[PDB]
């Protein structure tokens, strides 16, 4: 009954979001972690901010309590940049986050979840990298903000149930209920 999962967040840090809008994404990610991580759960969290390049903020192995994770999320600094490349972002997760040396328990059939939040269409199609992760057992969650349509969010997400869309970062929290039920299913 205890929840076991490794969740890696991939956050668009480009100019698709303003700096203060990015802080609303961090707050949303913190709220997700705070409610999904119950007392006694074995949940690890890593986070990547990406523009044209990915930036490792922390790995699954780094922090071991919910409070350390939440404090780590609320220390990420918006870095900006142009041309958010979600394909390079997902490939970086493939190489550097869903591996044992980064703390991933993918080898032990522990649920692996990639949570993508993007505010604009990727300058490089990420459909094949997302499919390669899905076929390896990684569940890819995709949350498109403002300039993301149904087809782009469908290319990133593993399936329709893990594809979400909102009109702005302030609306992100109306997905909280739906995201957690889907996250709940993704650990069942």
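Numbering follows the first chain given and starts at 1.
Peer 1: Would 84-92 or 106-114 have the larger average of its C-alpha temperature factors, as given in the entry?
Peer 2: In the deposited entry, the stretch with the higher C-alpha B-factor mean is 106-114.
Peer 1: Comparing 122-130 with 137-145, which stretch shows the greater average C-alpha B-factor in the deposited entry?
Peer 2: According to the entry, 122-130 carries the higher average C-alpha B-factor.
Peer 1: Consider only the C-alpha atoms of the modelled residues in this chain, order them by B-factor as the entry records it, and name the third containing residue 79: lowest, middle or highest.
Peer 2: It belongs to the middle third of the chain when residues are ordered by C-alpha B-factor.
Peer 1: So where's residue 12 on the chain's Cα temperature factor ranking, which third?
Peer 2: Ranked within chain, residue 12 CA B lands in the lowest tercile.
Peer 1: So where's residue 38 on the chain's Cα temperature factor ranking, which third?
Peer 2: Residue 38: CA B-factor falls in the highest third of its chain.
Peer 1: Within this chain, which third does the Cα B-factor at residue 169 fall in: lowest, middle or highest?
Peer 2: Answer is middle: the recorded C-alpha B-factor places it there.
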